[PDB]
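*Asks:* Next comes my_file-v6.txt, compact mmCIF, N, CA and C atoms:
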# COMPACT_ATOMS: atom_id res chain seq x y z
N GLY S 854 22.09 -13.37 -8.79
CA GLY S 854 20.89 -12.52 -8.47
C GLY S 854 21.20 -11.25 -7.69
N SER S 855 20.25 -10.32 -7.67
CA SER S 855 20.32 -9.07 -6.86
C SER S 855 19.54 -9.17 -5.53
N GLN S 856 19.72 -8.17 -4.67
CA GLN S 856 18.98 -8.10 -3.41
C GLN S 856 17.48 -7.96 -3.65
N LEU S 857 17.10 -7.02 -4.52
CA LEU S 857 15.71 -6.80 -4.89
C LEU S 857 15.02 -8.10 -5.39
N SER S 858 15.67 -8.85 -6.29
CA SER S 858 15.04 -10.05 -6.88
C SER S 858 14.90 -11.18 -5.85
N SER S 859 15.91 -11.29 -5.01
CA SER S 859 15.85 -12.07 -3.78
C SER S 859 14.60 -11.73 -2.89
N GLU S 860 14.40 -10.44 -2.61
CA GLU S 860 13.21 -9.96 -1.89
C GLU S 860 11.89 -10.30 -2.61
N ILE S 861 11.87 -10.17 -3.93
CA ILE S 861 10.68 -10.49 -4.68
C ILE S 861 10.38 -12.01 -4.58
N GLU S 862 11.42 -12.84 -4.66
CA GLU S 862 11.22 -14.29 -4.59
C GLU S 862 10.71 -14.66 -3.21
N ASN S 863 11.17 -13.96 -2.18
CA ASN S 863 10.71 -14.29 -0.85
C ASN S 863 9.26 -13.91 -0.70
N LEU S 864 8.86 -12.76 -1.25
CA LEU S 864 7.48 -12.38 -1.22
C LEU S 864 6.56 -13.38 -1.94
N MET S 865 7.00 -13.90 -3.08
CA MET S 865 6.19 -14.92 -3.81
C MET S 865 6.03 -16.21 -3.04
N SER S 866 7.09 -16.64 -2.33
CA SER S 866 7.05 -17.80 -1.42
C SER S 866 6.00 -17.62 -0.39
N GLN S 867 5.83 -16.38 0.07
CA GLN S 867 4.79 -16.09 1.01
C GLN S 867 3.38 -16.12 0.41
N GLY S 868 3.24 -16.23 -0.92
CA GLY S 868 1.94 -16.31 -1.49
C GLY S 868 1.45 -15.06 -2.15
N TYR S 869 2.21 -13.96 -2.09
CA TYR S 869 1.81 -12.71 -2.78
C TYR S 869 1.95 -12.84 -4.26
N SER S 870 0.98 -12.29 -5.01
CA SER S 870 1.05 -12.37 -6.48
C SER S 870 2.20 -11.48 -7.01
N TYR S 871 2.86 -11.89 -8.09
CA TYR S 871 3.87 -11.05 -8.73
C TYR S 871 3.34 -9.65 -9.07
N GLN S 872 2.13 -9.58 -9.62
CA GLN S 872 1.52 -8.30 -9.90
C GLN S 872 1.31 -7.44 -8.64
N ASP S 873 0.85 -8.02 -7.52
CA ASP S 873 0.78 -7.24 -6.28
C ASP S 873 2.14 -6.70 -5.85
N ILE S 874 3.16 -7.52 -5.96
CA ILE S 874 4.50 -7.17 -5.52
C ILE S 874 5.01 -6.00 -6.38
N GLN S 875 4.86 -6.11 -7.71
CA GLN S 875 5.22 -4.99 -8.57
C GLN S 875 4.47 -3.76 -8.23
N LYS S 876 3.16 -3.87 -8.05
CA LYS S 876 2.33 -2.65 -7.85
C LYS S 876 2.84 -1.95 -6.58
N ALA S 877 3.09 -2.78 -5.55
CA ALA S 877 3.50 -2.33 -4.22
C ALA S 877 4.88 -1.63 -4.30
N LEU S 878 5.82 -2.23 -5.03
CA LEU S 878 7.10 -1.58 -5.23
C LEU S 878 6.98 -0.28 -5.99
N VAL S 879 6.10 -0.18 -6.99
CA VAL S 879 5.92 1.09 -7.73
C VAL S 879 5.37 2.16 -6.76
N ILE S 880 4.28 1.84 -6.06
CA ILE S 880 3.63 2.82 -5.11
C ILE S 880 4.69 3.24 -4.05
N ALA S 881 5.46 2.28 -3.56
CA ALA S 881 6.48 2.55 -2.57
C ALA S 881 7.74 3.26 -3.11
N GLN S 882 7.80 3.56 -4.42
CA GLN S 882 8.96 4.19 -5.06
C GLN S 882 10.19 3.34 -4.75
N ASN S 883 9.97 2.02 -4.88
CA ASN S 883 10.93 0.93 -4.58
C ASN S 883 11.56 0.86 -3.18
N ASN S 884 10.95 1.51 -2.20
CA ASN S 884 11.36 1.31 -0.83
C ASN S 884 10.76 -0.08 -0.42
N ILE S 885 11.64 -1.06 -0.24
CA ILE S 885 11.25 -2.45 0.04
C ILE S 885 10.50 -2.64 1.37
N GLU S 886 10.97 -2.00 2.44
CA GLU S 886 10.33 -2.08 3.72
C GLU S 886 8.89 -1.55 3.59
N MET S 887 8.71 -0.48 2.85
CA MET S 887 7.39 0.06 2.62
C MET S 887 6.47 -0.84 1.79
N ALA S 888 7.01 -1.40 0.70
CA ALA S 888 6.26 -2.33 -0.15
C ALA S 888 5.81 -3.54 0.66
N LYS S 889 6.73 -4.07 1.48
CA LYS S 889 6.38 -5.17 2.42
C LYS S 889 5.20 -4.83 3.37
N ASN S 890 5.17 -3.61 3.88
CA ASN S 890 4.07 -3.10 4.69
C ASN S 890 2.75 -3.06 3.97
N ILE S 891 2.79 -2.54 2.76
CA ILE S 891 1.62 -2.55 1.91
C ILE S 891 1.08 -4.00 1.71
N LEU S 892 1.98 -4.93 1.33
CA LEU S 892 1.55 -6.32 1.02
C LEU S 892 1.01 -6.96 2.30
N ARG S 893 1.79 -6.83 3.36
CA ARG S 893 1.34 -7.43 4.61
C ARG S 893 -0.06 -6.94 5.02
N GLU S 894 -0.30 -5.64 4.94
CA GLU S 894 -1.53 -5.08 5.51
C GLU S 894 -2.72 -5.15 4.56
N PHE S 895 -2.46 -5.20 3.25
CA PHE S 895 -3.50 -5.12 2.23
C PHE S 895 -3.53 -6.20 1.16
N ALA S 896 -2.51 -7.04 0.99
CA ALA S 896 -2.55 -7.94 -0.16
C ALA S 896 -2.98 -9.34 0.28
N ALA S 897 -3.68 -10.05 -0.59
CA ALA S 897 -4.06 -11.45 -0.38
C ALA S 897 -2.82 -12.34 -0.62
N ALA S 898 -2.67 -13.40 0.15
CA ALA S 898 -1.58 -14.35 -0.15
C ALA S 898 -2.13 -15.78 -0.36
N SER S 899 -1.79 -16.43 -1.50
CA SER S 899 -2.04 -17.86 -1.76
C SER S 899 -0.77 -18.59 -2.22
N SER Q 855 -12.60 21.42 6.32
CA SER Q 855 -11.14 21.79 6.26
C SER Q 855 -10.30 20.77 5.48
N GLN Q 856 -9.05 21.13 5.14
CA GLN Q 856 -8.22 20.42 4.15
C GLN Q 856 -8.06 18.95 4.37
N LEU Q 857 -7.63 18.58 5.57
CA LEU Q 857 -7.24 17.22 5.84
C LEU Q 857 -8.44 16.34 6.14
N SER Q 858 -9.37 16.85 6.94
CA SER Q 858 -10.55 16.06 7.28
C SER Q 858 -11.40 15.83 6.02
N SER Q 859 -11.38 16.80 5.11
CA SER Q 859 -12.04 16.60 3.81
C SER Q 859 -11.45 15.42 3.04
N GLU Q 860 -10.15 15.21 3.18
CA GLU Q 860 -9.54 14.08 2.46
C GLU Q 860 -10.09 12.76 3.01
N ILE Q 861 -10.23 12.68 4.32
CA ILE Q 861 -10.75 11.46 4.94
C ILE Q 861 -12.22 11.25 4.61
N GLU Q 862 -13.00 12.31 4.76
CA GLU Q 862 -14.37 12.28 4.34
C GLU Q 862 -14.51 11.80 2.89
N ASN Q 863 -13.68 12.34 1.97
CA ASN Q 863 -13.82 11.96 0.53
C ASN Q 863 -13.47 10.49 0.27
N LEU Q 864 -12.43 9.99 0.94
CA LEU Q 864 -12.09 8.58 0.85
C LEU Q 864 -13.17 7.64 1.42
N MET Q 865 -13.72 8.00 2.56
CA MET Q 865 -14.83 7.26 3.10
C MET Q 865 -16.07 7.24 2.24
N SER Q 866 -16.34 8.35 1.56
CA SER Q 866 -17.41 8.43 0.58
C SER Q 866 -17.19 7.52 -0.63
N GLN Q 867 -15.93 7.23 -0.96
CA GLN Q 867 -15.62 6.21 -1.97
C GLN Q 867 -15.75 4.80 -1.41
N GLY Q 868 -15.86 4.68 -0.08
CA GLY Q 868 -16.25 3.40 0.50
C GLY Q 868 -15.12 2.73 1.26
N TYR Q 869 -14.00 3.44 1.44
CA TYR Q 869 -12.88 2.91 2.15
C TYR Q 869 -13.19 3.02 3.62
N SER Q 870 -12.82 2.02 4.41
CA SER Q 870 -13.07 2.13 5.84
C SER Q 870 -12.12 3.12 6.45
N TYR Q 871 -12.56 3.72 7.55
CA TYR Q 871 -11.72 4.61 8.33
C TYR Q 871 -10.38 3.95 8.74
N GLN Q 872 -10.44 2.70 9.17
CA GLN Q 872 -9.24 1.94 9.53
C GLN Q 872 -8.25 1.67 8.38
N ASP Q 873 -8.76 1.31 7.20
CA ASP Q 873 -7.92 1.17 6.03
C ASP Q 873 -7.26 2.51 5.68
N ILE Q 874 -7.98 3.61 5.86
CA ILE Q 874 -7.44 4.92 5.49
C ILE Q 874 -6.27 5.26 6.42
N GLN Q 875 -6.48 5.00 7.72
CA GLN Q 875 -5.42 5.20 8.70
C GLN Q 875 -4.18 4.36 8.41
N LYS Q 876 -4.39 3.07 8.16
CA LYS Q 876 -3.30 2.14 7.81
C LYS Q 876 -2.48 2.64 6.63
N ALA Q 877 -3.16 3.02 5.56
CA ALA Q 877 -2.54 3.52 4.34
C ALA Q 877 -1.77 4.82 4.62
N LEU Q 878 -2.30 5.71 5.48
CA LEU Q 878 -1.55 6.92 5.85
C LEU Q 878 -0.30 6.55 6.63
N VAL Q 879 -0.44 5.65 7.59
CA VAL Q 879 0.71 5.21 8.42
C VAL Q 879 1.87 4.64 7.54
N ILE Q 880 1.52 3.69 6.66
CA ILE Q 880 2.49 3.07 5.77
C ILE Q 880 3.13 4.14 4.86
N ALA Q 881 2.33 5.08 4.35
CA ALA Q 881 2.80 6.15 3.46
C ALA Q 881 3.49 7.30 4.22
N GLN Q 882 3.56 7.20 5.55
CA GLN Q 882 4.08 8.29 6.41
C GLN Q 882 3.39 9.62 6.14
N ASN Q 883 2.06 9.56 5.99
CA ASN Q 883 1.21 10.70 5.71
C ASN Q 883 1.43 11.41 4.37
N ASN Q 884 2.03 10.70 3.39
CA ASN Q 884 2.04 11.14 2.01
C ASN Q 884 0.64 10.72 1.53
N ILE Q 885 -0.28 11.68 1.48
CA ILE Q 885 -1.69 11.45 1.18
C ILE Q 885 -1.84 10.91 -0.26
N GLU Q 886 -1.08 11.47 -1.19
CA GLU Q 886 -1.13 10.96 -2.57
C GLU Q 886 -0.77 9.46 -2.67
N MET Q 887 0.31 9.10 -1.98
CA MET Q 887 0.73 7.73 -1.87
C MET Q 887 -0.29 6.84 -1.11
N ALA Q 888 -0.76 7.28 0.06
CA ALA Q 888 -1.90 6.60 0.75
C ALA Q 888 -3.09 6.32 -0.22
N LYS Q 889 -3.49 7.31 -1.00
CA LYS Q 889 -4.61 7.11 -1.98
C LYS Q 889 -4.31 6.05 -2.99
N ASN Q 890 -3.05 6.00 -3.46
CA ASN Q 890 -2.61 4.92 -4.34
C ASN Q 890 -2.69 3.57 -3.70
N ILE Q 891 -2.26 3.46 -2.44
CA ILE Q 891 -2.36 2.21 -1.74
C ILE Q 891 -3.81 1.80 -1.69
N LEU Q 892 -4.70 2.72 -1.28
CA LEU Q 892 -6.13 2.37 -1.13
C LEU Q 892 -6.74 1.97 -2.50
N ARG Q 893 -6.50 2.77 -3.54
CA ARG Q 893 -7.00 2.44 -4.86
C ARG Q 893 -6.58 1.04 -5.38
N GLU Q 894 -5.33 0.66 -5.12
CA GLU Q 894 -4.77 -0.54 -5.72
C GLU Q 894 -5.04 -1.79 -4.90
N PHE Q 895 -5.29 -1.59 -3.60
CA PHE Q 895 -5.30 -2.69 -2.65
C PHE Q 895 -6.48 -2.77 -1.73
N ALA Q 896 -7.07 -1.63 -1.32
CA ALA Q 896 -8.16 -1.67 -0.35
C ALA Q 896 -9.55 -2.00 -0.91
N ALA Q 897 -10.35 -2.70 -0.11
CA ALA Q 897 -11.79 -2.92 -0.40
C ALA Q 897 -12.55 -1.58 -0.26
N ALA Q 898 -13.48 -1.30 -1.18
CA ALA Q 898 -14.25 -0.04 -1.14
C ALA Q 898 -15.74 -0.32 -1.15
For the structure just supplied, provide its representation as structure tokens.
*Replies:*
Amino acid sequence: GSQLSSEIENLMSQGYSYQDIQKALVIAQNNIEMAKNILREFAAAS
Amino acid sequence: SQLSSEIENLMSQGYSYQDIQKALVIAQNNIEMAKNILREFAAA
């Protein structure tokens, strides 16, 4: 695996939807720290 | 004026003042990017 896919798997463990994670990475221009900020502050987790 | 108009326009779409601030902070004041965050994720 890669670092990015590792990060995505960790986000899903937290309950974020795959679609939210993708959207967040696109808006963030793949800056991971930024995408994490978006998800934390605005995304639902189940 | 330019910037306050942006906040006014976002609030008129129904975004809270606090969500707008959060989205600017995360985007480092890239207003285009903040608007994307709000459109895709924020309650309006």
*Asks:* Within 6.5 Å of chain Q, which residues of chain S show up? Give each one with its shortest atom-to-atom distance in Å (one decimal) and the two atoms involved, counting all atoms listed in the file, rows by chain then rising residue number, as a Markdown table.
*Replies:*
| residue | atom | partner | partner_atom | distance |
| --- | --- | --- | --- | --- |
| S:880 | C | Q:887 | CA | 6.4 |
| S:887 | CA | Q:880 | C | 6.3 |
| S:890 | C | Q:880 | CA | 6.4 |
| S:891 | N | Q:880 | CA | 6.4 |
| S:895 | C | Q:895 | C | 5.4 |
| S:896 | N | Q:895 | CA | 6.3 |
*Asks:* Tell me, in Å to one decimal, how far atom CA of residue 889 of chain S is from atom CA of residue 877 of chain S.
*Replies:*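 Atom CA of residue 889 of chain S sits 7.8 Å away from atom CA of residue 877 of chain S.
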*Asks:* If DSSP is run on the backbone, what residues of chain Q are alpha helix (DSSP H)? A reply as a PyMOL selection string would be ideal.
*Replies:* chain Q and resi 856-867+871-880+885-895
*Asks:* Mind giving me the straight-line distance from atom CA of residue 862 of chain Q to atom CA of residue 874 of chain S in Å, one decimal?
*Replies:*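 Between these atoms lies a distance of 28.8 Å.
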*Asks:* What is the atom N of residue 858 of chain S to atom C of residue 885 of chain Q distance in Å?
*Replies:*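 Going from atom N of residue 858 of chain S over to atom C of residue 885 of chain Q covers 27.1 Å.
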*Asks:* Got a sec: who's within 6 Å of residue 867 of chain Q, counting all atoms listed in the file, leaving out chain neighbours fewer than 3 positions off, as a VMD selection string?
*Replies:* chain Q and resid 863 to 864 898
*Asks:* Write out as an NGL selection string each polymer residue whose atoms come within 7 Å of residue 867 of chain S, counting all atoms listed in the file; drop sequence neighbours fewer than 5 positions from it.
*Replies:* :S and (862 or 898-899)
